[PDB]
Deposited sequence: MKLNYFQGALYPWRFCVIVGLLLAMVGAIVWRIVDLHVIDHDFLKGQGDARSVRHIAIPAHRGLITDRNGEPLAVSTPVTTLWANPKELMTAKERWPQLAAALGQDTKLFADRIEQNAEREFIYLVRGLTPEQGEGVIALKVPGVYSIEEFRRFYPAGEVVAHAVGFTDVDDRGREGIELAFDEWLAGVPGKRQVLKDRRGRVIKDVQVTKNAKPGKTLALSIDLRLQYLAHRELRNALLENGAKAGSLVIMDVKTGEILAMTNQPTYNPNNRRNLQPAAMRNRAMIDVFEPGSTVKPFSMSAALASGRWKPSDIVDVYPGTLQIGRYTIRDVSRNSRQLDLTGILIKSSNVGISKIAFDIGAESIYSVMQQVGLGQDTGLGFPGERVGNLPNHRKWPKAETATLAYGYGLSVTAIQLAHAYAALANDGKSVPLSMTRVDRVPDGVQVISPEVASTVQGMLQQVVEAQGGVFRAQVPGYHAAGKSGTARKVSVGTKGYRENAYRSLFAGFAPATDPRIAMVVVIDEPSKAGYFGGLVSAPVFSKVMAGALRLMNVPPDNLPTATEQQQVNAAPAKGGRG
């Protein structure tokens, strides 16, 4: 079996992320080795192996005709060994993977097993494209959708934010709302795929795709989309939330800011009123809200074929009582990933058209599905822009130079969420920030979005 050169993984711009690099493996015929047995200690020594352990192995495999001595040496370490002229000690020309961007893109790229077979991330998800057949024809080059500049910016800013708010884990997703491309996907903690002899299993977790949480107030825009499509609600319509609590038989819904009476629909998002969103949910029914949430992909299969990727659960109760109707509308009757939430915000930002997710470079954009009507999506866009701009809004998420739109929330162990997109008047990027915890994340959205849009030469719309 003559191993094949493995396809190069680059980022969307050609920066190398996984490189098949030639190495020398030394193998040995044990039967031939029992012949040159006064040579073993020199072989053992030049292999870094204990003389008696080395002798025990050879003696143990005395029957066999093929064993490995060392895998993956550089071509002149193995050159030095066979230059010792030991009978029965030969060569096999293999390839080892090296990951030049290291821990910056570890979870997305993944890595190979000892036999150069895809074991995590893109390396696994596209193993057949990348492998090609042993002898021996070489695998195929793959350009990810990741932009290493945006990835590094997200990685650096997310790690800082965890160090600021004393947090341990978290993730950040950046998406092209127009093409479906995942421009950045970064997790903390992360790990160096070039030195994974010693890496904890918690840092191996691709949180953005695996960590499932109730998204809370971040799905209020979708509950509000259902409201605007029902035909019973215009943006300037009024809901009375006084006194910030609402009794549902036994349950009591409680707002965080209990300082309002009448709120228009934008006000319900600015103040993030569970009372107001529930009252609207009672009026329109949970079926409409479930439908928008399912249509934008919340709790649905992302279809990336990514290893480990989880789906969450959007339960289709078919008929919802009042309590489950409200708990769905303000985001605790479902479970999602950061990737699903970003895809949903992408659909909202892309004038209600959902373009399918892609972890590889998209040259020919597939046609999307109009999942939210363009009028409703553009209305909700304006409301979310008011959530960031307006008085009492999430000011720490404002992006200097541009108009940004978005929604904070608390996920549920809790996590701070910010989901948003920019620029508000011709959106290009959706972003989801997840910081695990024992408006933390709105500043990170601000920093990372400011840089991402500038890296993409997106002209300021705040003129």
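The deposited chain is incompletely modelled, with C-alpha atoms absent over 1 to 56, 192 to 212, 490 to 501, 528 to 535, 561 to 579.
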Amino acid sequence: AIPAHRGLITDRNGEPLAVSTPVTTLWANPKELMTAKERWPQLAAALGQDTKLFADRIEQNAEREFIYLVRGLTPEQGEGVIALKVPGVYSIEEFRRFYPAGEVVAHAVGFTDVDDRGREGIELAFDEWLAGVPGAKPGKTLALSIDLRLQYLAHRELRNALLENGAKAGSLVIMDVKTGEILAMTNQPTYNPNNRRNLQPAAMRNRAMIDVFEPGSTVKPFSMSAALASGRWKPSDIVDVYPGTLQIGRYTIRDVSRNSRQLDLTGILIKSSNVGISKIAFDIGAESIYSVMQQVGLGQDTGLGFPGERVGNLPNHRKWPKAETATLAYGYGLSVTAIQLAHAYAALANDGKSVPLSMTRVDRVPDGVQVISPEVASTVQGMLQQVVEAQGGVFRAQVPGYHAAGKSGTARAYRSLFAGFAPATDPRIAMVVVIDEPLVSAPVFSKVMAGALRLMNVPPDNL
From here on, numbers count along this sequence of modelled residues.
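Averaged over their C-alpha atoms, the temperature factors of 237 to 245 and 255 to 263 are higher for 255 to 263. In this entry, 1 to 9 has the higher mean Cα B-factor, the comparison being between 452 to 460 and 1 to 9. For the set 280, 388, 81, 355, the PDB entry assigns the largest Cα B-factor to 81. In the PDB entry, the Cα temperature factor peaks, among 73, 284, 125, 336, at 73. Residue 332: CA B factor lies in the middle third for its chain, per the PDB record. Per the deposited record, the Cα B-factor of residue 319 falls in the middle third when ranked against the other modelled residues of its chain. In the PDB entry, a CA B factor belonging to the highest third of its chain's modelled residues is recorded for residue 48. Ranked by C-alpha B-factor against the other modelled residues of its chain, residue 420 falls in the lowest third. For residue 435, the recorded CA temperature factor ranks within the middle third of the chain's modelled residues.
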